[PDB]
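Below: one structure, written as structure tokens.
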Amino acid sequence: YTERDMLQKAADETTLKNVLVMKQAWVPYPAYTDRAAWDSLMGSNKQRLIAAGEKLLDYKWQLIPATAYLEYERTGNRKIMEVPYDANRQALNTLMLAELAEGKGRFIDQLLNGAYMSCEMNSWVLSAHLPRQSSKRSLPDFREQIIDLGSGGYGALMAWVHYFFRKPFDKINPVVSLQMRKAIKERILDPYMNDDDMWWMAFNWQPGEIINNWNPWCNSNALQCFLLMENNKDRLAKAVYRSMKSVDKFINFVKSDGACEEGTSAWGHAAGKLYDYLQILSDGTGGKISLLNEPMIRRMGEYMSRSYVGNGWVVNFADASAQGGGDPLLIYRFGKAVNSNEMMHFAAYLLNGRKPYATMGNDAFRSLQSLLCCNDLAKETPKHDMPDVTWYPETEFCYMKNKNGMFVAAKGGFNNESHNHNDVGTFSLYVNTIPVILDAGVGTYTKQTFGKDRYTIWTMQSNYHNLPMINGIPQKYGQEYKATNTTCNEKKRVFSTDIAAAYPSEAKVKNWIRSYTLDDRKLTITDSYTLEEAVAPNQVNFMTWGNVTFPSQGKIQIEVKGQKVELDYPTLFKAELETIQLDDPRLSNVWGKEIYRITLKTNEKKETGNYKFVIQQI
Amino acid sequence: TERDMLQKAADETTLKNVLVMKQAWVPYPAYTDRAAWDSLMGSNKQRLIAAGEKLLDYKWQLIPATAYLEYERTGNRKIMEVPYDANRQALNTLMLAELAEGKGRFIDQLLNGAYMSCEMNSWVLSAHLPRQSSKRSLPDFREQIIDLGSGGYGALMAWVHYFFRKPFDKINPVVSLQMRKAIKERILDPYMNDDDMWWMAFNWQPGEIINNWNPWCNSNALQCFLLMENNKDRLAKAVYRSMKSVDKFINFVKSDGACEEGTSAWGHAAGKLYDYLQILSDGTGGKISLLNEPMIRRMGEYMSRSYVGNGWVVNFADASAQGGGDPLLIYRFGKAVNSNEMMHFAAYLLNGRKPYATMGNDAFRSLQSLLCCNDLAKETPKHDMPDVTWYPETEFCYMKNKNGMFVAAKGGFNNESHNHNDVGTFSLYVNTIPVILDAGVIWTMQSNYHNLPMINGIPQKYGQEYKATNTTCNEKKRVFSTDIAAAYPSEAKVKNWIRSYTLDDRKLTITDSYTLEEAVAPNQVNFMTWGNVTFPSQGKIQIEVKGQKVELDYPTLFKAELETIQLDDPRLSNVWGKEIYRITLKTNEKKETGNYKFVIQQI
Ligand SMILES: CC(=O)N[C@@H]1[C@@H](O[C@@H]2O[C@H](C(=O)O)[C@@H](O[C@@H]3O[C@H](CO)[C@@H](O)[C@H](O)[C@H]3NC(C)=O)[C@H](O)[C@H]2O)[C@H](O)[C@@H](CO)O[C@H]1O
Ligand SMILES: CC(=O)N[C@@H]1[C@@H](O[C@@H]2O[C@H](C(=O)O)[C@@H](O[C@@H]3O[C@H](CO)[C@@H](O)[C@H](O)[C@H]3NC(C)=O)[C@H](O)[C@H]2O)[C@H](O)[C@@H](CO)O[C@H]1O
Ligand SMILES: [Zn+2]
Ligand SMILES: [Zn+2]
């Protein structure tokens with residue numbers, strides 16, 4: 001945690017008040033009545049959105065019964081409540097887009113229905129999140145509102161519906177818009193202003209506690225609501241400045257190098273929601289309060305590009321899937337905002353030759369913003385170019401590639417990272433995007449997943465990462481079990497780190513240097529060690545999949561998904577192949593039926609020594 | 001008439017001394033007393049459980065804003081009322097099922113229904129919401145009024161709260177809390193704070209209507225107060241308010257007890273006055289009770305007297321010739337006012353079926369039906385009643401003989417409730433079957449299509465002052481007589497026209513005796529009938545219908561013709577079938593003074 005306070009340094013409440021844009025004059029979309037401008041903006045989205053709206057003309061708004069909320073306490077079931085809720089929010093979002101597209105009033109009745117139904121609900125908070133209320137129950141309490149992920153998005157959607165359709169709504173019956181204003185005030189504006197203690201706001205934050213994607217996600221939704229619904233400038237400045245102080249906590253907490261250490265699967269709602277917040281803040285201040293030019297924000301956006309190997313494969317240190325992806329439209333908008341050509345070309349690449357269409361779902365801001373970017377994203381040339389080395393020195397992630405299709409990810413770090421695996425010093429090797437030396441990634445949660453016994457799960461253990469068992473001992477969990485002297489020579493493509501301190505006293509190791517050198521054709525892996533005492537033989541493990549063969553002593557071949565490599569290992573080792581049948585669908589959906597651990601074992605025992613391994617395409 | 005019977009029975013102070021607090025007046029066993037519920041329920045138990053089981057997966061129906069808006073757009077009420085009524089019925093059924101079973105199986109659905117109900121902005125019907133300040137058909141969260149629906153919804157919610165607060169609170173206490181707030185905001189507060197709801201009849205003046213809304217809404221509000229208001233001073237004030245309001249209704253209806261709207265309104269007019277008085281009695285430990293007042297007994301007995309048989313009822317004004325009643329209600333009302341006639345009549349209406357719990361959406365009637373079942377099941381069925389019933393202010397007269405003829409006749413005035421221009425008309429039934437009929441619920445409103453003359457060829461005119469004079473009934477002779485002359489306009493040029501009905505053991509004699517100012521155009525006399533109508537000879541008409549056979553003898557100066565009336569309106573064709581007839585009697589004769597005799601007998 002670093003006190004950068006970038007937003008507070010850019011403006012105080014007095015500065016803010018002088019630059020806030022009132023009366024929603026900041027809104028970038030045409031007036032609902034401006035049919036020609038909607039037709040130009042919409043392009044080929046028009047007919048698609050209209051057709052999606054037509055499918056909802058007889059949509060029956062779904063009631064959520066008390067028992068669906070109660071079921072969270074009874075069994076932990078979330079989906080019983082979330083499925084009808086999300087169906088409603090998606091319908092309302094789609095109807096908004098359809099009515100903007102067509103402008104004939106055909107969807108207005110259903111928009112009005114959705115809005116009115118939404119006001120009658122006691123709360124927009126998810127059943128799993130309601131237990132943070134005073135009563136600690138999973139059922140709404142009509143006397144109290146909190147804000148969660150769902151309710152903020154629900155609120156923002158309602159605010160946009162209100163903004164676009166207030167006039168046709170009031171023609172039908174002005175009480176609808178009136179109740180919408182009341183609902184948004186009670187469920188977003190007031191709780192946001194009056195309750196300093198919502199955990200995601202991080203006003204009470206201290207070391208040890210978590211700040212995560214909830215912070216920019218909830219702040220960006222609240223910010224939209226205020227900018228759309230709060231017409232008192234004094235009240236608006238106070239709310240906006242509060243949001244700036246809150247989001248500063250998030251910016252202060254993440255690393256300046258821009259690596260999202262949970263991995264790419266959170267990126268869209270972490271860095272991507274920080275982007276949304278900053279765009280919204282910029283729009284609301286006529287561009288005068290903008291961090292979109294800050295290099296750290298660009299690095300946070302570019303992490304999604306650098307970490308995306310290809311064909312759905314992503315770098316997956318820690319408890320993260322080896323499969324991933326992104327919203328190309330979001331990535332494009334983020335890229336353009338921070339002037340990252342790399343991100344803009346990457347977004348075009350991720351389209352996979354699809355034409356960009358409006359983002360549907362239930363996120364009103366991203367749906368509307370997707371309309372603005374489509375035409376430009378459509379013209380963008382697809383390319384996934386990046387430097388041969390990306391070095392995140394604080395997070396200690398290192399990506400290194402060559403022009404013949406090898407991509408190596410390596411890490412230093414410490415065994416108390418977010419979603420930690422005991423993996424200090426590990427590497428992953430991809431060949432033409434295909435994992436060849438892999439990192440197994442994320443399994444289904446069990447009771448053992450959190451707490452002592454986390455490290456009894458094989459996916460979390462150094463034993464099942466691309467690492468040694470020093471004197472036969474694996475790495476230990478803990479903040480102080482860490483890399484030392486981690487370096488990256490960007491020009492030579494050499495990553496090096498001393499992993500000795502990631503192992504417990506029983507490992508009896510003074511130093512162990514693990515280094516990776518990538519040349520134009522091969523990856524050289526070296527170990528260089530000094531032990532206090534030679535207790536037991538070292539073991540070295542590699543994780544892989546596909547078709548594994550052993551043509552001769554010192555040689556392994558791996559053939560997987562059209563790629564083929566040879567791994568040369570010291571002949572002092574006896575190589576065995578362990579089959580890991582994958583019962584857990586979260587794993588088998590990525591890797592198929594089984595993966596392998598290659599074990600390299602020896603009878604040797606010495607206080608010093610070194611190993612070289614070489615991997616090349618064949 | 002200022003009877004003010006409730007205000008005479010107590011003021012606010014004496015009421016406060018006899019009010020029963022803490023719901024100790026409730027006549028039903030505690031939810032947790034399984035054995036007492038099993039005894040009370042009897043054979044209702046298995047049936048109510050099965051009805052609950054059918055609702056275990058019932059999806060509570062949302063009412064969209066457009067359903068309320070549709071009332072303004074097109075006048076459509078059912079688009080809103082059908083899901084609303086389905087919800088209310090489900091909730092009432094689930095209550096009864098859970099009382100019946102007591103295993104907790106229906107509690108989750110009861111809780112769901114109650115919670116859903118609190119989330120609705122209003123319990124008022126779309127057709128009734130336009131009496132709010134804004135005059136719109138959509139709920140406005142800023143204001144609550146009370147209508148028929150909302151009062152019943154409120155009372156149901158109050159009973160659900162009363163029976164199931166403890167198991168609800170075990171699950172989550174916020175449900176019962178919100179129910180208490182909802183009933184306070186939608187029933188208790190508006191009732192006390194708004195003097196201007198039309199049905200309350202505070203500030204009534206001549207010309208305005210007080211109808212079934214008054215006792216119906218007051219009975220529902222009264223239940224909510226008795227169940228939900230535990231402050232004694234607040235309770236007394238609300239209950240006394242209800243007494244003043246219902247006095248307005250009691251003051252407005254005729255003391256003879258006839259419901260001029262007919263047997264179909266009876267259940268929610270007189271029947272809701274009964275409900276109110278039962279509830280008030282129960283809530284004051286029997287100390288404030290009008291159930292012993294003769295007028296209340298007469299109001300109850302109207303339902304028995306007006307029911308001819310086999311679904312056929314007397315149907316003056318805009319009312320159906322087919323009707324009936326809730327036997328369980330009739331029994332309870334009868335027992336409360338000590339009407340042996342009503343009790344036996346209720347058992348008769350069962351038609352040999354066993355009485356079961358009343359379902360629907362009226363919690364009070366459902367619960368009360370459970371109390372009376374075993375007793376009604378032991379009741380012996382009979383429909384006995386006097387040969388003559390005479391309602392002298394309403395001017396309705398029923399007369400029967402031992403050979404199965406039943407005649408209904410009326411005086412009145414052409415501005416009665418749901419008026420037909422029918423001053424002086426009659427209806428004849430034979431072994432319960434209509435033979436000279438009143439078409440019921442526009443040609444159906446015209447004297448032209450009632451059993452009446454067209455004087456100098458002119459029909460009756462609509463209006464308050466178009467009325468009978470000198471209406472008499474000789475109860476012993478079975479003679480009804482009235483002068484209908486003033487029900488006709490000036491151009492009818494009639495000084496007097498006496499229409500009289502004499503029923504003896506064998507025949508109905510109908511007479512017309514008239515004096516005209518001037519003979520302008522021939523009189524015409526009409527009769528309405530159905531079935532198989534023939535004309536065997538001059539002066540004779542034969543009517544054969546549903547197994548009955550009569551002859552109508554008429555003066556030979558008339559030429560009789562049969563006019564077919566095709567009934568395309570299903571509300572009429574579902575009663576009478578595809579067509580009915582008007583017999584017209586026409587003549588060339590014209591005289592200033594004359595008389596006609598008509599005789600109807602079975603052959
Ligand atoms: C129940 C609870 O409070 N859990 C806390 C954690 O929050 C969870 O974070 C998830 C996340 O951001 O991945 C949330 O998942 C996301 O939910 C939204 C709204 O329904 C949806 O749009 C996304 O698709 C979805 N993403 C998924 C599943 O990947 C989840 O709602 C939420 O409960 C919280 O992060 C941690 C902080 O330490 O504490 C838990 O107690
Ligand atoms: C629209 C309006 O305000 N109409 C006023 C009349 O009220 C109607 O009275 C009807 C009645 O008492 O018969 C009501 O019908 C009954 O409605 C209840 C509740 O929903 C239902 O349980 C009954 O079964 C039903 N009866 C039927 C169908 O026969 C109706 O809801 C109500 O609108 C009012 O009496 C007159 C008096 O002058 O004024 C009208 O404006
Ligand atoms: Zn791992
Ligand atoms: Zn009639």
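Residues are named by chain letter and number: chains run A, B, ... in the order of the structure tokens, numbers start at 1 in each chain, and ligands are numbered from 1 in the order shown.
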
Chain A residues near ligand 1 within 7 Å, closest pair each, using only C-alpha atoms and all ligand atoms, as JSON lines:
{"residue": "A:82", "atom": "CA", "partner": "ligand 1", "partner_atom_place_in_ligand_line": "20 (O)", "distance": 7.0}
{"residue": "A:128", "atom": "CA", "partner": "ligand 1", "partner_atom_place_in_ligand_line": "1 (C)", "distance": 4.8}
{"residue": "A:129", "atom": "CA", "partner": "ligand 1", "partner_atom_place_in_ligand_line": "3 (O)", "distance": 5.2}
{"residue": "A:149", "atom": "CA", "partner": "ligand 1", "partner_atom_place_in_ligand_line": "19 (C)", "distance": 5.5}
{"residue": "A:150", "atom": "CA", "partner": "ligand 1", "partner_atom_place_in_ligand_line": "19 (C)", "distance": 5.2}
{"residue": "A:210", "atom": "CA", "partner": "ligand 1", "partner_atom_place_in_ligand_line": "38 (O)", "distance": 5.7}
{"residue": "A:212", "atom": "CA", "partner": "ligand 1", "partner_atom_place_in_ligand_line": "35 (O)", "distance": 6.8}
{"residue": "A:213", "atom": "CA", "partner": "ligand 1", "partner_atom_place_in_ligand_line": "12 (O)", "distance": 6.3}
{"residue": "A:214", "atom": "CA", "partner": "ligand 1", "partner_atom_place_in_ligand_line": "12 (O)", "distance": 6.7}
{"residue": "A:266", "atom": "CA", "partner": "ligand 1", "partner_atom_place_in_ligand_line": "13 (O)", "distance": 6.7}

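Considering only C-alpha atoms and all ligand atoms, every residue of the polymer chains approaching ligand 4 to 10 Å or closer is listed here: residues 315, 316, 317, 318, 319, 320, 321, 418, 419, 420, 421, 422, 423, 425, 426, 427, 437, 438, 439, 440, 441, 443, 444, 445, 446, 447, 449, 450 and 451 of chain B.
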
Store the residues of this selection in a file with N, CA and C atoms, as a short mmCIF file (atom, residue, chain, number, x, y, z; two decimals), in the first residue's frame.
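out_12.cif written:
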data_model
loop_
_atom_site.label_atom_id
_atom_site.label_comp_id
_atom_site.auth_asym_id
_atom_site.auth_seq_id
_atom_site.Cartn_x
_atom_site.Cartn_y
_atom_site.Cartn_z
N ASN B 315 -86.94 -11.36 -9.47
CA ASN B 315 -85.93 -10.56 -10.15
C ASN B 315 -86.53 -9.28 -10.74
N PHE B 316 -87.03 -8.43 -9.86
CA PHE B 316 -87.38 -7.08 -10.24
C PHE B 316 -86.08 -6.29 -10.50
N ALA B 317 -86.16 -5.27 -11.35
CA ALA B 317 -85.05 -4.37 -11.62
C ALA B 317 -83.96 -5.14 -12.37
N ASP B 318 -82.76 -4.57 -12.41
CA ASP B 318 -81.73 -5.10 -13.28
C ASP B 318 -81.03 -6.23 -12.53
N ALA B 319 -81.66 -7.42 -12.54
CA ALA B 319 -81.26 -8.56 -11.74
C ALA B 319 -81.64 -9.85 -12.47
N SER B 320 -80.92 -10.93 -12.18
CA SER B 320 -81.06 -12.18 -12.90
C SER B 320 -82.17 -13.02 -12.28
N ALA B 321 -82.90 -13.75 -13.12
CA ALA B 321 -83.99 -14.60 -12.64
C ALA B 321 -83.42 -15.87 -12.03
N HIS B 418 -81.04 0.33 -9.88
CA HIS B 418 -80.95 -0.53 -11.06
C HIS B 418 -82.33 -0.64 -11.74
N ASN B 419 -82.99 0.53 -11.82
CA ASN B 419 -84.39 0.68 -12.17
C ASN B 419 -84.76 -0.04 -13.46
N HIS B 420 -85.93 -0.71 -13.44
CA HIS B 420 -86.73 -1.01 -14.61
C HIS B 420 -88.02 -0.21 -14.52
N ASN B 421 -88.58 0.23 -15.64
CA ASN B 421 -89.86 0.89 -15.63
C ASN B 421 -90.92 -0.21 -15.53
N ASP B 422 -91.33 -0.53 -14.28
CA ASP B 422 -92.04 -1.76 -13.97
C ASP B 422 -93.04 -1.60 -12.81
N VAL B 423 -93.49 -0.36 -12.57
CA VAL B 423 -94.46 -0.08 -11.52
C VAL B 423 -95.73 -0.90 -11.78
N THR B 425 -95.89 -4.28 -11.98
CA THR B 425 -95.69 -5.54 -12.70
C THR B 425 -95.87 -6.73 -11.76
N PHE B 426 -96.02 -7.92 -12.36
CA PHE B 426 -95.99 -9.17 -11.62
C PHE B 426 -95.14 -10.19 -12.37
N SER B 427 -94.77 -11.24 -11.63
CA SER B 427 -94.13 -12.43 -12.13
C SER B 427 -94.86 -13.63 -11.55
N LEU B 437 -92.86 -14.02 -16.91
CA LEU B 437 -91.51 -13.77 -16.44
C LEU B 437 -91.17 -12.28 -16.44
N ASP B 438 -90.07 -12.01 -15.76
CA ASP B 438 -89.40 -10.71 -15.78
C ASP B 438 -87.99 -10.96 -16.35
N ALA B 439 -87.69 -10.35 -17.48
CA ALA B 439 -86.54 -10.76 -18.30
C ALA B 439 -85.23 -10.65 -17.52
N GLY B 440 -85.04 -9.54 -16.78
CA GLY B 440 -83.86 -9.39 -15.95
C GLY B 440 -82.73 -8.64 -16.67
N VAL B 441 -81.48 -8.97 -16.34
CA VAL B 441 -80.34 -8.06 -16.59
C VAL B 441 -79.63 -8.36 -17.93
N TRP B 443 -84.32 -2.69 -24.05
CA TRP B 443 -85.68 -3.19 -24.02
C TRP B 443 -86.03 -3.78 -22.64
N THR B 444 -85.07 -4.42 -21.97
CA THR B 444 -85.28 -5.06 -20.69
C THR B 444 -85.70 -4.07 -19.60
N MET B 445 -85.50 -2.76 -19.82
CA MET B 445 -85.76 -1.74 -18.82
C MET B 445 -87.14 -1.12 -19.04
N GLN B 446 -87.74 -1.36 -20.19
CA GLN B 446 -88.97 -0.71 -20.61
C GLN B 446 -90.22 -1.44 -20.09
N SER B 447 -91.23 -0.64 -19.75
CA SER B 447 -92.51 -1.16 -19.29
C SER B 447 -93.15 -1.97 -20.42
N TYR B 449 -91.88 -4.19 -22.03
CA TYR B 449 -91.43 -5.58 -21.93
C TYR B 449 -91.55 -6.08 -20.49
N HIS B 450 -92.51 -5.50 -19.74
CA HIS B 450 -92.94 -6.01 -18.45
C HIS B 450 -94.43 -6.32 -18.56
N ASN B 451 -94.97 -6.93 -17.49
CA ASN B 451 -96.32 -7.47 -17.48
C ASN B 451 -97.31 -6.38 -17.06
#

Problem - Contacts to ligand 3 at 7 Å cut-off (only C-alpha atoms and all ligand atoms) as JSON, numbers by chain - result: {"A": [316, 317, 318, 319, 421, 423, 439, 440, 441, 459, 460, 465]}

Problem - Nearest-residue call for chain A, choices B:135, B:34, B:402, B:478, using only C-alpha atoms - result: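 Using only C-alpha atoms, chain A sits closest to B:135.
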
Problem - For chain B, the nearest of the candidates A:53, A:40, A:18, A:111, counting only C-alpha atoms - result: A:111

Practice task
Compute the chain B side of the contact with chain A at 7 Å, counting only C-alpha atoms, and hand it back as an NGL selection string.
Solution key: :B and (62 or 64-66 or 108 or 112 or 115-116 or 119-121 or 140 or 174)

Keeping only C-alpha atoms, write the selected residues to a file as a PDB file, in the first residue's frame.
ATOM      1  CA  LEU B  62     -46.960  -9.693 -10.316  1.00  0.00           C
ATOM      2  CA  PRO B  64     -47.657  -4.826 -14.092  1.00  0.00           C
ATOM      3  CA  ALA B  65     -48.168  -1.075 -14.290  1.00  0.00           C
ATOM      4  CA  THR B  66     -49.787  -1.561 -17.738  1.00  0.00           C
ATOM      5  CA  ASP B 108     -43.127 -20.830   3.283  1.00  0.00           C
ATOM      6  CA  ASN B 112     -44.079 -15.577   0.284  1.00  0.00           C
ATOM      7  CA  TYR B 115     -44.069 -10.602   1.653  1.00  0.00           C
ATOM      8  CA  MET B 116     -45.154 -10.149  -2.004  1.00  0.00           C
ATOM      9  CA  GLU B 119     -44.052  -5.043  -1.774  1.00  0.00           C
ATOM     10  CA  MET B 120     -47.119  -4.016  -3.858  1.00  0.00           C
ATOM     11  CA  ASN B 121     -47.613  -0.233  -3.736  1.00  0.00           C
ATOM     12  CA  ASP B 140     -49.383   6.384  -6.060  1.00  0.00           C
ATOM     13  CA  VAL B 174     -39.050  -8.574   9.373  1.00  0.00           C
TER      14      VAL B 174
END

Exercise for the section: Determine, counting only C-alpha atoms, which protein, DNA and RNA residues have an atom within 8 Å of an atom of region 504-521 of chain B; residues of the same chain fewer than 2 positions away are not included. Present the result as an MDAnalysis selection string. Expected result: chainID B and resid 401:403 456:457 477:478 493:502 523 590:602

Problem - Env. residues ligand 2 / 6 Å / only C-alpha atoms and all ligand atoms / as a list in words - result: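 Within the 6 Å cut-off, the matching residues are residues 127, 128, 148 and 149 of chain B.
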
Selection to disk with N, CA, C and O atoms, as a short mmCIF file (atom, residue, chain, number, x, y, z; two decimals), in the first residue's frame:
data_model
loop_
_atom_site.label_atom_id
_atom_site.label_comp_id
_atom_site.auth_asym_id
_atom_site.auth_seq_id
_atom_site.Cartn_x
_atom_site.Cartn_y
_atom_site.Cartn_z
N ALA B 127 -59.89 -0.11 -11.01
CA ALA B 127 -61.13 0.64 -11.27
C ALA B 127 -61.47 1.61 -10.14
O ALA B 127 -62.25 2.53 -10.36
N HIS B 128 -60.89 1.41 -8.94
CA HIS B 128 -61.24 2.16 -7.74
C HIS B 128 -60.18 3.20 -7.39
O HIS B 128 -60.45 4.13 -6.66
N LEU B 148 -63.25 -1.90 -1.85
CA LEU B 148 -63.71 -3.24 -1.50
C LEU B 148 -62.54 -4.22 -1.41
O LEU B 148 -62.49 -5.06 -0.50
N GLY B 149 -61.71 -4.21 -2.44
CA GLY B 149 -60.59 -5.12 -2.56
C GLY B 149 -59.59 -4.94 -1.40
O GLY B 149 -59.28 -5.91 -0.72
#

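Atom pair CA of residue 551 (chain A) / CA of residue 525 (chain A): separated by 20.7 Å.
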
Exercise for the section: Would you kindly return, as a PyMOL selection string, each protein, DNA or RNA residue with an atom no farther than 9 Å from any atom of region 411-415 of chain B, considering only C-alpha atoms and excluding same-chain residues fewer than 5 positions away? Expected result: chain B and resi 393-397+420-425+460-471+481-484+487

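The nearest approach to residue 8 (chain A) among the residues A:256, A:485, A:497, A:243, with only C-alpha atoms taken into account, belongs to A:243.
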
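The residues of region 162-361 of chain A that DSSP classifies as strand (DSSP E or B), using the backbone of this structure, are residues 308, 309, 310, 313, 314 and 323 of chain A.
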
Exercise for the section: Report the distance between CA of residue 204 (chain B) and CA of residue 221 (chain B) in Å, rounded to one decimal place. Expected result: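 Calculated distance between CA of residue 204 (chain B) and CA of residue 221 (chain B) is 19.6 Å.
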
Exercise for the section: Could you give me, as an NGL selection string, each residue of region 357-594 of chain A that DSSP assigns to alpha helix (DSSP H) when run on this structure's backbone? Expected result: :A and (364-379 or 585-591)
